[PDB]
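# Fold and contact review
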Amino acid sequence: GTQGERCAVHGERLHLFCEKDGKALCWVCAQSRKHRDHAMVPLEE
Ligand SMILES: [Zn+2]
């Protein structure tokens, strides 16, 4: 019932939406050498 989906890997609040993956990441995961940056917009809600 945890109101607020945090990035559990690091232990921080997340704001990023992979449109390509259809998943909610953080800025740090946008900066990740893993995740191919293209269809990803930050959570501007
Ligand atoms: Zn992250």
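Residues numbered from 1 in each chain as written, not as in the entry; some residues may be left out. Heavy atoms only, no water. Residues with missing side-chain atoms left out of burial classes, pairs and counts.

- Structure determination for the deposited model, as stated in its record, used solution NMR.

- As named in the PDB entry, the protein chain is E3 ubiquitin-protein ligase TRIM21, taken from Homo sapiens.
- Here the PDB entry title reads "Solution structure of the TRIM21 B-box2 (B2)".

## Digging into the nonpolar core
- Counting 9 residues, the largest nonpolar core is built from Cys7, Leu14, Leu16, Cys18, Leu25, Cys26, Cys29, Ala30 and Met40.
- Counting residues per element, the ones that place at least two in this core are strand 3 (16-18) and helix 1 (27-30).
- Dropping the residues within four chain positions of it, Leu16 is found in contact with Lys23, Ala24, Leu25, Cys26, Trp27, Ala30, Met40, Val41, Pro42 and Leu43. (Core = buried A, V, L, I, M, F, W, Y, C linked by side-chain atoms within 4.5 Å. Buried < 20%, exposed > 50% of the residue type's maximum accessible area, 1.4 Å probe, protein only. Helix = DSSP H or I, 4+ residues; strand = E, 2+ residues; numbered from the N terminus. Contact = heavy atoms within 4.5 Å.)

## Here's the deal with the coordination of the zinc ion
- All of the protein donors around the zinc ion are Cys7 (SG), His10 (NE2), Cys26 (SG) and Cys29 (SG); their distances to the metal are 2.1 to 2.4 Å.
- One can describe the donor arrangement at the zinc ion as tetrahedral, given that its 4 donor atoms subtend angles of 105 to 114° at the metal.
- We note that the donor set of the zinc ion lies within a single chain, spaced as C-x2-H-x15-C-x2-C. Of the two residues, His10 sits in the loop between strand 1 (6-7) and strand 2 (12-13) while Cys29 sits in helix 1, which places them 19 residues apart along the sequence. (Donors = N, O, S within 2.8 Å, 3.2 Å for Na, K, Ca; no water. Tetrahedral: all angles 85-135°; square planar, octahedral: opposite > 155°, others 65-115°.)

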